[PDB]
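Before any questions on how it binds or moves, here is one chain, the form deposited in one PDB entry, in structure tokens.
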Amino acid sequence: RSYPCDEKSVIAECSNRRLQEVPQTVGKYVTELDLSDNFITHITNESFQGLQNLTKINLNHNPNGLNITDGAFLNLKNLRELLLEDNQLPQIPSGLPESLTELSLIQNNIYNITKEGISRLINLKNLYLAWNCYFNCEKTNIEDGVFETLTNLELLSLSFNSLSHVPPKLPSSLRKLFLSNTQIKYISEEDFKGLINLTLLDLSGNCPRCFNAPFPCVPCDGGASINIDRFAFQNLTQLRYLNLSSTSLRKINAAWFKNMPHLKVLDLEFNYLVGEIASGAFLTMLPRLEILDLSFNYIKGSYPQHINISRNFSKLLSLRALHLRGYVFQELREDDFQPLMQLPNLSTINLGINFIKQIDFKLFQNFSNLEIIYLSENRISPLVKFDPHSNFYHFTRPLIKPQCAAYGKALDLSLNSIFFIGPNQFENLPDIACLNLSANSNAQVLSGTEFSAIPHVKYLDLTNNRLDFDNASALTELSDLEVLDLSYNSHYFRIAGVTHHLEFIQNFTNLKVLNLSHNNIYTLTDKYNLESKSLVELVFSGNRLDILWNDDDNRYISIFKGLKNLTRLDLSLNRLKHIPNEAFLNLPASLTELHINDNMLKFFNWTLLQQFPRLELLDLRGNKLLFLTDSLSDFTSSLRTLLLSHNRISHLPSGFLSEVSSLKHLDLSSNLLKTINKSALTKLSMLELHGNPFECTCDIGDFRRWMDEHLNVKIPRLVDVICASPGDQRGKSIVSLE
């Protein structure tokens, strides 16, 4: 068995295992070793001795600085990648192997970039020297022609370093150059002259407009802007990506894009370009542009009636996504978005955080191929008759959940002023398949007329509201509806001054997924039971099943009997102390996954599993269960996954593992188990027992011998499996015993 690193080209994961030093137990066959988030303090030549097969070594966040001897990695010949991040290193380690192709030195205290450390390494492709001298500083010392010898360099990152000037003598092979928040106020023609192969140029954060940033922001004196020369990007012909975010730009010189025929992505967010959006000459110079970001460009204290979009926006023929966040405007008219209508590839429109009070929705159907319409964090009212390896100015995450957007045209009206669904709310709207009405504080009594204008909605998100759906015809106008998220609608079910009805689910012929999480359901009249012929997944978490199954007339006994096709059921956080035998028998036999975790269950009747021949997964985590059954094979024969973590199980019954043949994954971690008998000890692949108070004496010897015989049964995080008694054996692992 591999200890402490988990073996899986073979990769040995040794991340976060409380290691004070480099382990010698690591096999010679190992090609990739990850020693991240450990308490290692010293790195010597003996640490990686006799390990020629290693190509990648990760030593990030060591400790929680790190001391590296001269030529400690020099013995390694096949070493290509070396990750040395957040180690608090005062300088670049001397004696690095020349065979390296990737080197990262982020979040360190390296204040000097000398030729004695990086110039010797000519085989380097990617070099990362970020967050070194950043608010400590005064200026990052760069040697003259220190990157000139690096002829194979494709990527160079010098971002978040007090540089003040662009480093001279850069290699012509450079494809990606990052210079974000480098305090470089002036950009000249000689800076990017001999860089013909550049596809990306990041000049963001220089003279910035301060916002919600995790890094210290210092704006330029007297509200100064970035001084970029007219011929600065004269020979940048292969450029596809240009990041000019937080540069305090007031005007865009169209001469910058004269030699850019391939530009695909342009970032101009967090600038003062309201005037340039209204009248911009640069827009006619971008014919192959796919992504344009003009977010948070607003004038301070200015709340205009309409958005001023330039007519030249029609020249953006290849445009796919347009991000117009933080412009801050009152109303959006049909004439305002007229130049964008003639674009065939435009599928994404981002109008988030604009505080728009009114939108003439007739304009959206007058578009060629709209797929995503994001109008979240606006003021639409009812219509009546940290990691350094991430983009800090662009949200890389999707605007709409992929599961929603997969159905078709997605409309996001979440975090708006729709306090009730008006009769003209969805009038003159396109054929919407995905609709989000989250956190709108909506208290509408759903009758089944509200969604008649858009009846092809297959995925509907109604989370964080106060909706009423007592009507049998509620949401039924949406016949094609497959996914319904009614999470955090607590207000209705919590109040005793109503009725609580769930008959609307019956009318749906295609509803597959339903989420009723954190609604606080305790009473149901007149329909005590819920039924659906098409439903496969039901999330009934964060409710009150304890009161429901405590009924003195047994009226909610067959509450899940009507769900014939149900395969997945989540009954977690329901405050369940005990489940009645008859109430558990009435559960769907078609079930494959069942989650009864984070409850207060003291007892579980395993005999009732005989009526479920399709059940593969059973979750019973974070409960108050005391014991397990000795004849599990006689009841279940289809169960593959069984989760019983954070329970009060002290003893495993005789012949438990040598009974259920179908079982592959078993969780018994963070319990009250002391010893595992020979009688209790197949197709098992994974077994968790970490955080258990194990008695490491002679009685534990029977279980240790089983671990050696059954190697295939992988036990994760072996270091966390700590002995409780005796005192001398306390702290050490169960496999570490002699």
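Residues that one form lacks are left out of the comparison. Take the two forms, superpose them, and find the largest set of C-alpha atoms that agree within 1.5 Å; that set is the rigid core. The first residue of the shown sequence is 1; numbering continues from there.
Below: the form deposited in another entry, not depicted.
Only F211, out of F603, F355, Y303, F211, shows a C-alpha shift of 2 Å or more between this form and the one not shown on alignment of the rigid core.
Whereas the shown form places them at one spacing, the Cα atoms of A213 and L105 lie at least 3 Å farther apart in that other deposited form. In that other deposited form, the Cα positions of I299 and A213 lie at least 3 Å nearer to each other than in the form displayed. Legend: core-fitted overlay between this form and the one not shown; highlighted in sequence order are 133-136, 210-216, 551-553, the runs of at least 3 consecutive residues with CA shifts of 2 angstroms or more.
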